[PDB]
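S.K.:
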Amino acid sequence: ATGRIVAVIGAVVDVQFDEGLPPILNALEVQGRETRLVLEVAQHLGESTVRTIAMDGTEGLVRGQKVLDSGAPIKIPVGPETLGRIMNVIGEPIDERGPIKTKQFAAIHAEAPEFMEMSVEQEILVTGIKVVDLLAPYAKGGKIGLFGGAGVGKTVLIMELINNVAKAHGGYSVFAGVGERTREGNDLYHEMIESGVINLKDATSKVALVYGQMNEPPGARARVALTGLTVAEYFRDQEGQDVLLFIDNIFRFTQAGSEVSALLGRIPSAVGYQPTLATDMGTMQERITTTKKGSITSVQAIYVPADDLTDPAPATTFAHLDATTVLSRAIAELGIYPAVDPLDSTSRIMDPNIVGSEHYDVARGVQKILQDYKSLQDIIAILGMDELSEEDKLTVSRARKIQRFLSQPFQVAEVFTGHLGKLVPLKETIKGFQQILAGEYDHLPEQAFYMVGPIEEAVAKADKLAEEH
Amino acid sequence: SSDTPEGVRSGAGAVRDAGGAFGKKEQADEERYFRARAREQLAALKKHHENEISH
Amino acid sequence: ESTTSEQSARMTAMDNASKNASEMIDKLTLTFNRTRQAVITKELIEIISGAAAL
Amino acid sequence: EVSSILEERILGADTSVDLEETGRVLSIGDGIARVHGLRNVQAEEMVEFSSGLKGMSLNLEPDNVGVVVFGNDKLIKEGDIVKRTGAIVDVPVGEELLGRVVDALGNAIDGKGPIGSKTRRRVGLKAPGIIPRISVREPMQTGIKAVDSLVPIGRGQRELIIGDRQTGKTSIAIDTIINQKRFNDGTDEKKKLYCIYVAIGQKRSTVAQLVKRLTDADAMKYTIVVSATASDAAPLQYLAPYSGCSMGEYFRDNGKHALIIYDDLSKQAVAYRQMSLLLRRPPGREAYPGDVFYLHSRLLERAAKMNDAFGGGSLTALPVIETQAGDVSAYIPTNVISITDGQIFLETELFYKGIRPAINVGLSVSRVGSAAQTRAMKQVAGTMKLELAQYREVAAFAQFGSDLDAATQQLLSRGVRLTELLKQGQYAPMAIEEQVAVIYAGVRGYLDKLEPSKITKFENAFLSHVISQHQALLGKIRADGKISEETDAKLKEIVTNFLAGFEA
Amino acid sequence: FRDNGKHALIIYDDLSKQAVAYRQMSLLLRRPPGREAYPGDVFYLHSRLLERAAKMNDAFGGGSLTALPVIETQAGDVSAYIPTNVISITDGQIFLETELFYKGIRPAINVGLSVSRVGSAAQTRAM
Ligand SMILES: Nc1ncnc2c1ncn2[C@@H]1O[C@H](COP(=O)(O)OP(=O)(O)OP(=O)(O)O)[C@@H](O)[C@H]1O
Ligand SMILES: Nc1ncnc2c1ncn2[C@@H]1O[C@H](COP(=O)(O)OP(=O)(O)O)[C@@H](O)[C@H]1O
Ligand SMILES: [Mg+2]
Ligand SMILES: [Mg+2]
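Chains as they are written, first to last, in our numbering: chain S, 1 to 469; chain R, 470 to 524; chain X, 525 to 578; chain P, 579 to 1082; chain W, 1083 to 1209.
#1: Identify whether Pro717/P lies in helix, strand or coil by the three-state DSSP scheme.
#2: Strictly under 8 Å for the Cβ-Cβ distance: is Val906/P near chain R by that measure?
#3: Along the beta strand (DSSP E) that carries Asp831/P, what are the first and last residues, could you check?
#4: Is residue 531/P a contact residue of ligand 3, with contact defined as CB to any heavy atom under 7 Å?
#5: Measure from the alpha carbon of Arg501/R to the alpha carbon of each residue in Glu446/S, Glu194/S, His469/S, then state which is nearest.
#6: Along chain R, which residues have their Cβ under 8 Å away from the Cβ of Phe923/P?
#7: By the 10 Å Cβ neighbour count, where 16 or more other Cβ atoms means buried, how is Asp596/P classified, buried or exposed?
#8: Assuming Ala27/S is part of the beta strand (DSSP E), what are its boundary residues?
#9: Residues of chain W with a CB under 8 Å from the CB of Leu578/X: which are they?
#10: Looking at the structure shown, is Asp486/R part of a helix, part of a strand, or coil, going by DSSP?
#11: Quick one: does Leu982/P have its CB under 8 Å from some CB of chain S?
#12: Can you tell me where the beta strand (DSSP E) with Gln846/P in it begins and where it stops?
#13: Using the Cβ count rule (16 or more neighbours within 10 Å means buried), how would you classify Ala1067/P?
#14: For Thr395/S, which residues of its own chain have a beta-carbon under 6 Å away from its beta-carbon, when the five flanking residues on both sides are left out?
#15: Suppose you measure from the CA of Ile336/S to the CA of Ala330/S; what does that come to, to the nearest Å?
#16: Going by the CB atoms, is the gap between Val603/P and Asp658/P shorter than 8 Å?
#17: Quick check on this structure: which residue in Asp981/P, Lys747/P, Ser1031/P has the alpha carbon closest to the alpha carbon of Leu843/P?
#18: Could you say which of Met718/P, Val789/P, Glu737/P, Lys781/P lies nearest to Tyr772/P if we only look at CA atoms?
#19: Would the beta-carbon of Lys1088/W be found less than 7 Å away from any heavy atom of ligand 2?
#20: For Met548/X and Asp486/R, I'd like the C-alpha separation in whole angstroms.
#21: Does DSSP put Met1209/W in a helix, in a strand, or in coil?
#22: Distance, Cα to Cα, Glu286/S vs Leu1109/W?
#23: Is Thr745/P a contact residue of ligand 1, with contact defined as CB to any heavy atom under 7 Å?
#24: Cβ of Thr748/P within 7 Å of any heavy atom in ligand 4?
#25: Check whether the Cβ of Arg183/S lies closer than 7 Å to any heavy atom of ligand 2, and answer yes or no.
#26: Run through the stretch 739-791 of chain P for me and flag every whole beta strand (DSSP E) of 3 or more residues, listed as ranges in chain order.
#27: Out of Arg252/S, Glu47/S, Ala306/S, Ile24/S, point me to the one whose CA is closest to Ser1129/W's CA.
#28: Restricting to Cα atoms, I'd like to know which of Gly91/S, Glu191/S, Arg85/S is closest to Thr204/S.
#29: What three-state label does DSSP hand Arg400/S in the structure shown?
#30: At the 8 Å Cβ level, is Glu737/P part of the contact set with chain R, yes or no?
#31: By the DSSP assignment, the beta strand (DSSP E) with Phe175/S in it spans what residues?
#32: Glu521/R to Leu514/R, Cα distance in whole Å?
#33: Under 8 Å, do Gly482/R and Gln377/S count as touching if we go by C-beta distance?
#34: Indicate whether at least one CB of chain S lies closer than 8 Å to the CB of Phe1142/W.
#35: With a 10 Å radius around its C-beta and 16 neighbouring C-beta atoms as the bar for buried, classify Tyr1005/P as buried or exposed.
#36: Entirely within the stretch 865-952 of chain P and at least 4 residues each: give me those alpha helix (DSSP H) ranges in chain order.
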């Protein structure tokens, strides 16, 4: 059923039909272009007039171009053949290696599973990072969030969990990149050929990739995250494997819908977002779940705008996350890397019936001596360090060794540092922190714990500093 | 202000988060004091006798 | 005599450091209250102007 | 016999024809349909479209009618048929709902079976006036040692649980459901309590973890849970607070007692703001409409303590409110503060300093006062409240204090040891007779020589003693209600016998 | 220059007045004003400008293009609307501080805050 274009303002194109009206959330093909331009229906306006949003640019559009209809939403190709390929929002391959040849096509708009299709079991997934496994443990099949501002390490910490977790994992893996720099989608395609995860010669790859970056029109940065978790829904449902899912960034799903909003005819809410902010967020975040047919681990990076966690876009994602890892610029400007805030990160399995009673009284023993270190800094600013008593000159020196011991040299940050990549196991992280608290290392300076692995290297680094006096 | 739940009240750790004069005077006093304790704990760490026999 | 001379001047010099810090704490309370009202006023105009032009 | 029950339903189904008062659709977009026609619809009346979704008509305009949609608008095309039902929204209510999971409209989502409730009730009813009420006197037992000592709750009071994210606001209102098991299996009919829990905009996996927590403690045979989650439509998170008071007023109307928990009310003002600004209503402060005070007032005023001429029922309401950065001077944290009676203010600083549950008793109040405490708890906690309040004056001298008066050293010594009695693990609610004994051990002076780190180990040792070896004293404070002169001496040698040989 | 082997360099001085002049051109077309009356898509304004400053490979020519946009801030506020849209696009920062200027270090560069991705450590071999 053909239709004409009657208005173009920005990225919002109005299309008047005559005899057959397509429903909301469909695909319309603009005839007359050399490229493929797909329009997605968003509203009805009466007298057979819809109002659409454009997936590509709108330059060179004229009033009267005949527009076809599909009868179905954006059906991307899906299957086992899409592994090791980069694809577009509408399913075209942009790796320039040929057509994706598969048998299953699947729409990106689908429902959420019901209440009696949820799973209830909890586990612990070990990573190897000392701050994460001690104070805020992650979980298999659980949604994980990476907060923090701009330029603190959200892309590197999400590059670390592809390094550790994704090669030791059995099943497949999906990376959706939404609204980030087009350079950094090339340092992933060239750090996954030389590690053999993407293979360009046969059929043994384990990673798919979906990319819509920050050069796209704002109608195309808000349907890419729905295209990421459509491929990752095929593996969980039509197959049975354990899937991972990495999403960076996800603040650019909310922001890209706050730009097409005022031309669709909506009054703005608080500080500038759309009125339907917490409904379409909660419509995407209810498909990333662990059901009774599979399990989806999911790590997500969440940009916090100008270091304010009370902004309405990051402060409504908290209801959808089990483990939050709040990064901070006040730690990163000390040199403590990864800058994870210990007094602001939580988990749902910090529970002495799940992690055992020995891990539990160590975690709260670390936060209690760090929070009591905070209230002591208010005295040193007026009194000084030396005028304190000898009893709280010790709880400072125990706290400063706990701050520095949490910082671990990462593997993918070798070109920044030159240091080597360490991976401390779970049983050693607890035993390292019992001995600083009990007082078994009061004879070492603070520098012996900076950027080390296990506690064994904390004394080997202590003697090597001594001899150069 | 503070003599009600409504008004602004100050918490623990608010001199360092401000980052002013007293917030900088506190960071350079925790470092110039614990620099000398990396001297006395490292000079007495060379007094291991087994290392001297190796020397 | 010197530990009485010192311990009385610690009493006075810690007293004027709480008068000057309470004199400073009222002047920042008025500026906090002018600025708290001015932000509710400012972001109210942006919603009204956004709806009127629509 | 699976084929027989399916053949049974379709002959028992009603296939009869009727009339209607339909009207075509003009413009569907973002969940607000405009319908032309429907010339005899009342305000807030439920209609239903041609696909199967239902709709509630909020705007009665001259040439059209604005009807919100209970679903998703991809099934609504321009040119459909909007039939009329002819009735305002009504929920099933009764005794049969006890132990089920329901959505905002009374359907069953747990998959056990349909509700067999024979009654039906509107959601837009009014509060009782001034005459059918009476003052609150009976205690509502929470089971937290800091709530029942310093900020009590009567049976008809509204008490607000206010605090930031991740500070145990849901956990305080989840052991208050567990604690009423000891009365709900007994014989005394006027001491039972019934709990309702409303989840407004949470993910489905969290509600599936909380039903299993209440199934483990055998506390889902007297509890109803109303779940309007995050994925469900914007008006279903608006009805769901008013679909729970209508199930908590059937127990108030019939001489019984009840409890309700809104988790949380700060996600209802957001799901209602979206419905306003899409219906083109004049905004206000922080883009909320002019009647968000009228939205929360007529929900909390339905909690009342009825008198004996009407039945003697009750309804107790605990709303949860999430602040942002501890600023209670926002729009919605000041509406619900001025409506209710007292607040419980959970901070985040005390949560990491070791105080768990992290109730700040400096800012928490209750304006029914001491008239909701039993006679045993009132006698010891009246001095504890005065003792703790003298400690919070001198808390700023603890970091550098050794050159102070012996009264001030004593005031610090009792304040630390009274604090350790207030800490409590999760999912362990106590009894009032065991609560008054632990406070009596501390406020008299029987702990000023024990080391401050041992006050937790001493308490768990002492409680397991008096359950097995002094059971006949904790039946003469439970049944008596007060603590007499005979029990004052009998408790006095008990804590002196245990303290003498303790350290072993 | 980028498509034909050679190298280039472009300086936008500055990108704040390129948004004050896009606000006024878009208000008079009767379009609804957003935050601080800026239009709804002042992210898509700059994020398609700075996304064309690429560096190509030898199968497409090997030429490059390097940008250096300038942003003006109002009294040290690096948390405003436009000075934070661009910071999440670029690769580094050079924070000039007026507190360092009158003290005497010129060019006043806050070396503690002026970060940059080094570029696969392609500084040089001698420095
Ligand atoms: N008394 C307690 N002692 C120790 N830990 C507790 C206690 N109560 C709750 N917690 C822990 O605090 C964590 C979060 O608590 P809870 O979810 O009740 O807070 P909340 O603020 O209601 O959550 P939300 O912010 O999602 O509403 C839980 O993991 C729980 O284990
Ligand atoms: N392992 C690490 N620890 C601490 N900082 C890091 C690490 N890796 C990178 N960084 C710093 O983080 C900054 C931003 O890195 P990146 O994660 O790519 O950006 P963003 O987090 O803003 O997406 C870089 O300037 C770099 O100095
Ligand atoms: Mg990034
Ligand atoms: Mg909670």
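Heads up, the beta-carbon is just placed ideally off N, CA and C, and yes, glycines get one too.
M.R.: Answer, in terms of the structure:
#1: DSSP, reduced to helix, strand and coil, places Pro717/P within a strand of the structure shown.
#2: So, interface residue.
#3: Counting along the chain, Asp831/P falls outside any beta strand (DSSP E), though it belongs to the alpha helix (DSSP H) covering 828-831.
#4: Past the boundaries of the shown model lies residue 531/P; chain P is included only from 579 to 1082, so the question cannot be answered.
#5: The option with the nearest alpha carbon to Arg501/R is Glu446/S.
#6: Taking a Cβ-Cβ cut-off of 8 Å, the neighbours of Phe923/P in chain R comprise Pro474, given in sequence order.
#7: Under this definition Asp596/P is an exposed residue.
#8: Counted as a single uninterrupted DSSP element, the beta strand (DSSP E) harbouring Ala27/S occupies residues 27-30.
#9: By Cβ distance, chain W contributes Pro1114.
#10: Here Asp486/R sits in helix by DSSP.
#11: No, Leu982/P lies away from the interface with chain S (no Cβ there is under 8 Å from its Cβ).
#12: Following the DSSP letters along the chain, one finds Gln846/P in no beta strand (DSSP E) but inside the alpha helix (DSSP H) bounded by residues 846-855.
#13: Per the 10 Å Cβ criterion, exposed.
#14: Answer for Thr395/S: no residue qualifies.
#15: Taking the straight line joining both Cα atoms gives about 10 Å.
#16: In this structure, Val603/P lies closer than 8 Å to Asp658/P by Cβ.
#17: Of the listed residues, the one whose Cα sits closest to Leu843/P is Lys747/P.
#18: Nearest C-alpha to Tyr772/P: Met718/P.
#19: Incorrect: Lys1088/W has no Cβ contact closer than 7 Å to ligand 2.
#20: Answer to the nearest angstrom: the Cα atoms are 19 Å apart.
#21: Assigned with DSSP and collapsed to three states, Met1209/W falls in coil, not helix or strand.
#22: Whole-angstrom Cα-Cα distance: 38 Å.
#23: Answer for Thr745/P: yes, Cβ within range of ligand 1.
#24: Yes, ligand 4 has a heavy atom inside 7 Å of this Cβ.
#25: No, since every heavy atom of ligand 2 falls outside the 7 Å radius drawn around the Cβ of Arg183/S.
#26: Whole beta strand (DSSP E) segments, 3+ residues: 773-778.
#27: Considering only alpha carbons, the answer is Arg252/S.
#28: Nearest of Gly91/S, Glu191/S, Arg85/S to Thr204/S, Cα basis: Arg85/S.
#29: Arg400/S falls in the helix class under three-state DSSP.
#30: No - not a single Cβ of chain R is within 8 Å of the one on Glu737/P.
#31: 173-178 is the span of the beta strand (DSSP E), which, as asked, contains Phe175/S.
#32: C-alpha of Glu521/R to C-alpha of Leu514/R: approximately 12 Å in a straight line.
#33: Contact: yes.
#34: It does not: the Cβ of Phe1142/W has no partner Cβ on chain S nearer than 8 Å.
#35: Exposed, by the Cβ-count rule.
#36: As far as the stretch 865-952 of chain P is concerned, its whole alpha helix (DSSP H) runs of at least 4 residues are 871-878, 910-917, 927-930.
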